Each structure stands twice: as C-alpha cells, then as structure tokens.
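Enquirer:
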Ligand SMILES: CN[C@@H]1[C@@H](O)[C@@H](O[C@@H]2[C@@H](O)[C@H](O[C@H]3OC(CN)=CC[C@H]3N)[C@@H](N)C[C@H]2N)OC[C@]1(C)O
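Residue numbers (my numbering), protein chains in the order written: chain W, 76 to 340; chain Z, 76 to 340.
#1: Thinking C-alpha only, which one of Z/106, Z/265, Z/160 is nearest residue 77 of chain W?
#2: Would you tell me roughly how many angstroms separate the C-alpha atoms of residue 203 of chain Z and residue 286 of chain W, rounded to the nearest one?
#3: Does the Cβ of residue 160 of chain W lie closer than 7 Å to at least one heavy atom of ligand 1?
#4: Counting only C-beta atoms, is residue 227 of chain W closer than 8 Å to chain Z at any point?
#5: Closer than 9 Å, Cβ to Cβ, to anything on chain W: give me those residues from the region 113 to 125 of chain Z, in chain order.
#6: Could you check where the beta strand (DSSP E) with residue 97 of chain Z kicks off and where it finishes?
#7: Which residues in chain Z have a C-beta closer than 8 Å to the C-beta of residue 111 of chain W? List them in chain order.
#8: Between residue 163 of chain Z and residue 292 of chain Z, what straight-line distance do the alpha-carbon atoms span, to the nearest angstrom?
#9: Can you list, in chain order, the residues of its chain with a C-beta nearer than 6 Å to that of residue 211 of chain Z? Leave out the 5 residues immediately preceding and following it.
#10: If we count the other Cβ atoms within 10 Å of its Cβ and call it buried at 16 or more, is residue 304 of chain Z buried or exposed?
#11: Which of the residues in the region 179 to 197 of chain W, read from start to end, lie with their CB under 7 Å from any CB of chain Z?
#12: Which ranges does the alpha helix (DSSP H) cover as unbroken runs of at least 4 residues, wholly within the region 153 to 194 of chain W, from first to last along the chain?
#13: Would residue 324 of chain W and residue 217 of chain W qualify as a contact pair, given that the criterion is a beta-carbon distance under 8 Å?
#14: Does the pairing of the region 328 to 340 of chain Z with the region 244 to 255 of chain Z give three or more beta-carbon distances under 8 Å?
#15: Spatial neighbours of residue 207 of chain Z within its chain, please: C-beta separation below 6 Å, excluding the five flanking residues on both sides.
#16: Closer than 7 Å by beta-carbon distance: list the chain Z residues that pair up with residue 81 of chain W, in chain order.
#17: What are the boundary residues of the beta strand (DSSP E) that includes residue 302 of chain Z?
#18: Let's see if you can read the secondary structure: which residues bound the beta strand (DSSP E) around residue 319 of chain Z?
#19: Hey, does residue 309 of chain Z have any beta-carbon neighbour from chain W nearer than 8 Å?
#20: Could you check whether the Cβ of residue 288 of chain W sits closer than 7 Å to any heavy atom belonging to ligand 1?
#21: Counting only runs that start and end within the region 200 to 276 of chain Z, where is the beta strand (DSSP E) found for 3 or more residues in a row?
#22: Determine whether the beta carbon atoms of residue 232 of chain W and residue 99 of chain W lie at a separation below 8 Å.
#23: Which whole runs of the alpha helix (DSSP H) in the region 114 to 148 of chain W are 4 residues long or more, in chain order?
#24: Would you mind telling me which residues of chain W sit closer than 8 Å to residue 106 of chain Z, beta carbon to beta carbon, in chain order?
#25: Taking only three categories from DSSP, how would you classify residue 42 of chain Z?
#26: What did DSSP end up calling residue 338 of chain Z once you bin it into helix, strand or coil?
#27: Quick check: is the beta carbon of residue 166 of chain Z nearer than 8 Å to any beta carbon in chain W?
#28: Whole angstroms is fine: what's the gap from residue 82 of chain Z's alpha carbon to residue 117 of chain Z's?
#29: Can you tell which of Z/170, Z/144, Z/184, Z/200 has the C-alpha that lies nearest to the C-alpha of residue 123 of chain Z?
#30: Give the secondary structure of residue 311 of chain W by DSSP, where H, G and I count as helix, E and B as strand, and everything else as coil.
#31: How about residue 240 of chain W: is its Cβ closer than 7 Å to a heavy atom in ligand 1?
#32: Taking the alpha helix (DSSP H) that residue 282 of chain Z belongs to, which residues open and close that run?
#33: Cβ-heavy atom distance between residue 283 of chain W and ligand 1 below 7 Å?
#34: Let me confirm a value: residue 336 of chain Z is counted as buried when at least 16 other C-beta atoms fall within 10 Å, else exposed. Which label applies?
#35: Let's test the definition: count the other Cβ atoms within 10 Å of the Cβ of residue 181 of chain Z and tell me whether it reaches 16, buried, or not, exposed.
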C-alpha cells in the first residue's frame, strides 16, 4: 500500500541501475503508485541505488511563459522587455510539462543547474559540477553539452513510467545526425547578471518538433521500441510503473544511425 | 493578457497591502490569470509592495502521508517506523493540498520555515527570524506560535482567490476560544536530528475538523463572510482573482467572539 525508498531502490537495482552510475530520470510520478515521501521517494531511491559516487540528473528546461510574445526574429517587443523575468540558474523554476520531479530535484539541497535555460539539466551527486558546467548557449543539445557529457561518462537514462518519446537525450542524437533539412529555432533570452538583465539571441536545432520533416511528433518512442526490440536496454517495474533503462551512449548511437539510415547519404 | 509583477503589485496596493506589512497569503494561483513568471510573480509582487521592511508568510504544514498508518493512539507501527521520512524544517516539502505557493515560497532563497511540522509557517523578509523561532511543538496554533506573532505584529491575511475556510489564522481563534468540548489530536512525529531520528508525541487541538462538534466543516467561511458583512476587511481583485484582505488581530478577535457566543459562556 506504500512504496518506500527501500522498495524502489530494490526495484531499481533489479532493473540494472548500478553503484556509481550517472542516471538521468524521466518520471511519471503518478504511475509509480503511493509513495511514502512523495516524489522525493524516487530521488532518494535513485541516490541509494547509485551510492554517493553516483549522480542523479533530470531535464529541467525553464518555465518561461513569454515565448507567446516574440516577433518574427524571435525578439521580445520593447513594451514587454522589462517585464520578462530573466533566467537565473539557481532561482528559475524547472518546467512543468513533463512532471514535477525535475523541479523537486532542482530544489533538493546540493543540486546544481546548468546555464543554458531551455536545455538546462539539474544534477545531484559526485559529478554534479562537471555535468552542469559550461553549457553552451547555442546548440545546447550538442557538443560539450550536459547530454554529451552523459554519453561521455557512460551514463544511463531511466524512463520511469514516462512516455518513451520524452527521452530528451535523443535530441542530442538529432543534433549529431548528418541529415539535411534540420529545422532551426532562434529566440531571444533574458539572462540575470550582477549588472542587470542582459539579452542574448539563442540558436539551436528546434526540439519542439522532429528535427526534420516526414516524422511523427512522437517518433522518439518508436526509436526506443526498436532499440529494446534489438536486444539492448532493460524493461521492468519500478514500483507500479513500467520502466525502461537504457545506456546513454548506445541509445545515442542507435538514434543517430536510425536518422542517417532514413534521411542521410 | 498577462498579469505581471508590476500589475499585481498595483492591485495589492489598491486592496490595502502597505509598505512594511507582515502579510500571510493563501493563494489559488490559477485564479490570478495569465502569469508571466508563474507563482513567483505573486511572491515578487508581495515583496515589492511591503518592501524590505515587510515579511511575506504562508502556511507550510508538511507532507506526512504516514498518518494513514497510525493506530488509535497516533503511534506508528514498528514495521513502518524506520521507513517514515523524518521532518527537516529546511528540506521537508510544504503540504501540496492548498496549492503550490507555500512550497514555492519555501524554496525562495532567504525563506525560513518554523519548527512545528504540522503547523509550520514559512516567512520571508525582515521579521522572518522572529516569526519562525521557537515554534512550540505542542499546541502549535496557540501561545508563542507564528500565528500569535502575526496578531502581535499587527499583520494581515490575504485570501488570494483561495476558499475562505482555508484561513489558517482562525485555528488560532479556535485555540483561544473559552469553550467546552474542544477536540484534541495526538500523533507521533519523527524529527531529523544530528543524532538520528527522534520520535515525539504531539498534542494540539484538532484542526482537521471544527474545534467542537455540530459545526459545518466550512464554518470558517461563514465567520469571514460575517466579518466582511459587518464592515470590516476589504475585498478586491488581484489580477483576475477575487481577493479578501483582513487585519490579523481583528479577524482573530472576531472569531474568538463568534465561538464564545455560540458555545461556552
Ligand atoms: C524554451 N522552452 C521550451 C523549449 O525547451 C522546447 O521544449 C520542448 C518541448 O516542447 C517538447 O515537447 C513536445 O513533445 C511533447 C511530448 N510530450 C509535448 C509537447 C511538444 N511540443 C519536448 N519533447 C522537448 C522540449 N525541449 O519548446 C517549447 C519551449 C517553451 O520553447
């Protein structure tokens, strides 16, 4: 009748989560069942399973409701500029679109938050420094990004009952894919500085839709499904939530190959 | 089309919130309208209106799902004791039942959280230290409590679209009322200490139901309505939210008189 940090940690180990791992989690908290400590049960269970040498990560993004106001160049009209709350990595909230866990992780003491607002990750544990450091402001899903560092460190991604098309790391595969017609997003972003608000234009491949035309909006889920069908990754219950645990490097390489086989040369 | 930190602060001033006030807030965030910065717009507007000499407060309580497991004496069964997350004033989440604003305020840098878990308040501003110090663990809605200090400080309570029966300060009027048949609650509470988890029995007047039998659950709303009908307190719009602003000392005395005239002598 109550899942605990102990029972979830047992389920996470059974799924394959290992001591010392860097684990990025996408959680559908309601699907886990009744939790004794609410969403913090999940965070605590992940820390217990990877141990103090491990790191727990989540896709933070930022709640920035102002995008409904920008013009044709992605710039904020002058009458609205000073009313837009600037981005502060330590104070700006994580987005709500994909659940409350990223914000809960962000407000856990010790958690660090990377500097690219729309692509920001939160990290808590031994490698939090490094995972959140020097997030490039342009093409924040590409080289030198926290997602790239997750691949480089041999990290893992856990879909904890979350829809499989919300696996943020596959946007890093989209960035790396050598294919034509990649869609681009440009938008002005306000940053909080010790001297005041500083505006900057951000450019990246658009992650609000598939990177190229001819793909269903939810096509990431099919890539993960084919990934599991090929004998890679693990499936199992975390609490009451059907969950998927995949290797970050392997799913990235699989995603890049998937796109280059259908749209490259 | 967008309520801002500037517009909300103007609405608060028009309603009567003043420079230097100590203001306790109960908010229905969705009723305020379209917010550029989400719930933090409300918090910022409140701080702008009262200034650095004022204090912004909210009823935190704490997330304690283990109460479903206690026996008739309020004690946690031994098989569950080790698994119940202990209370940490700086890390335990605010209860989510009455909206997210208390939790957002709790995670605002500088905010302090008082030590009585079930009765805890968060406070942010000049008098945060004083409001949250030495919260008595027994009868935490009574003498020496943060609610008592709000009356002592000449504070105010703002119902920002929130249902009028959620005005926590009226539990302090319940505590002060010289009436017979007051219901009492006893429950075991785990505290986080530098020594480990320390369990303590907490006793208070029951705030989960009216202080005496024969009262509608929502009778607090009738008291507030009568208070306004008598010509006290102010009503007005904060954004799109119908709001009520009352003097903390005046509504407490009014509530005590209301109870002592219908019960007791
Ligand atoms: C700058 N902040 C934001 C920016 O980061 C980005 O967010 C992306 C998000 O929409 C994508 O969601 C799409 O897929 C699904 C499937 N549940 C739901 C809604 C769909 N639109 C998500 N997969 C990847 C996010 N990076 O675009 C919006 C923004 C406000 O500009």
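Cβ atoms here follow ideal geometry from the backbone N, Cα and C, with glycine treated the same way.
Expert: Quick look at the numbers:
#1: Of Z/106, Z/265, Z/160, the residue nearest in Cα terms is Z/160.
#2: Going from the Cα of residue 203 of chain Z to the Cα of residue 286 of chain W covers about 49 Å.
#3: No, the beta carbon of residue 160 of chain W sits no closer than 7 Å to any heavy atom of ligand 1.
#4: Interface with chain Z (8 Å Cβ-Cβ cutoff): residue 227 of chain W is excluded.
#5: Here the close residues are 113, 114, 115, 116, 119.
#6: Judged by DSSP secondary structure, residue 97 of chain Z falls within the beta strand (DSSP E) whose first and last residues are 97 to 102.
#7: For residue 111 of chain W, the C-beta contacts it makes with chain Z under 8 Å involve 140, 141, 158, 159, 160, in order along the chain.
#8: If you take the alpha carbons of residue 163 of chain Z and residue 292 of chain Z, they lie about 30 Å apart.
#9: For residue 211 of chain Z, same chain residues with a beta-carbon under 6 Å away, outside a window of 5 residues either side, are 219 in chain order.
#10: Classification of residue 304 of chain Z: exposed, given that the 10 Å Cβ count is below 16.
#11: The residues in question are 182, 184.
#12: Given a length threshold of 4 residues, each whole run of the alpha helix (DSSP H) inside the region 153 to 194 of chain W is given here in chain order: 153 to 156, 176 to 181.
#13: The Cβ atoms of residue 324 of chain W and residue 217 of chain W lie no closer than 8 Å to each other.
#14: Enough Cβ pairs lie closer than 8 Å, so yes.
#15: Exclusion of the five residues before and after residue 207 of chain Z leaves 187, 189, 198 as the residues of its chain whose Cβ lies within less than 6 Å of its Cβ.
#16: The answer, in chain order, is 158.
#17: Not the beta strand (DSSP E): residue 302 of chain Z falls in the alpha helix (DSSP H), residues 294 to 304.
#18: 316 to 322 is the span of the beta strand (DSSP E), which, as asked, contains residue 319 of chain Z.
#19: No, because no Cβ of chain W sits closer than 8 Å to the Cβ of residue 309 of chain Z.
#20: Answer for residue 288 of chain W: no, Cβ out of range of ligand 1.
#21: Taken in chain order, the whole beta strand (DSSP E) runs of length 3 or more contained in the region 200 to 276 of chain Z are 231 to 235, 259 to 268.
#22: For residue 232 of chain W and residue 99 of chain W, yes; Cβs fall inside 8 Å.
#23: Whole alpha helix (DSSP H) segments, 4+ residues: 114 to 125.
#24: Per Cβ cutoff of 8 Å: no residues; residue 106 of chain Z is ~17 Å from chain W at best.
#25: Chain Z is shown from 76 up to 340; residue 42 of chain Z falls before or after that span and cannot be answered.
#26: In the structure shown, the three-state DSSP call for residue 338 of chain Z is coil.
#27: At least one beta carbon of chain W lies nearer than 8 Å to the beta carbon of residue 166 of chain Z.
#28: Roughly 10 Å between the two C-alpha positions.
#29: Among Z/170, Z/144, Z/184, Z/200, the Cα nearest to that of residue 123 of chain Z belongs to Z/200.
#30: Look at residue 311 of chain W here: in three-state DSSP terms it is strand.
#31: For residue 240 of chain W, the shortest separation between its Cβ and any heavy atom of ligand 1 lies below 7 Å.
#32: Run containing residue 282 of chain Z: none; DSSP gives neither H nor E here.
#33: Correct: residue 283 of chain W has its Cβ closer than 7 Å to ligand 1.
#34: An exposed status is given to residue 336 of chain Z, since fewer than 16 other beta-carbon atoms sit within 10 Å of its beta-carbon.
#35: Burial of residue 181 of chain Z is indicated by the presence of at least 16 other C-beta atoms within 10 angstroms of its C-beta.
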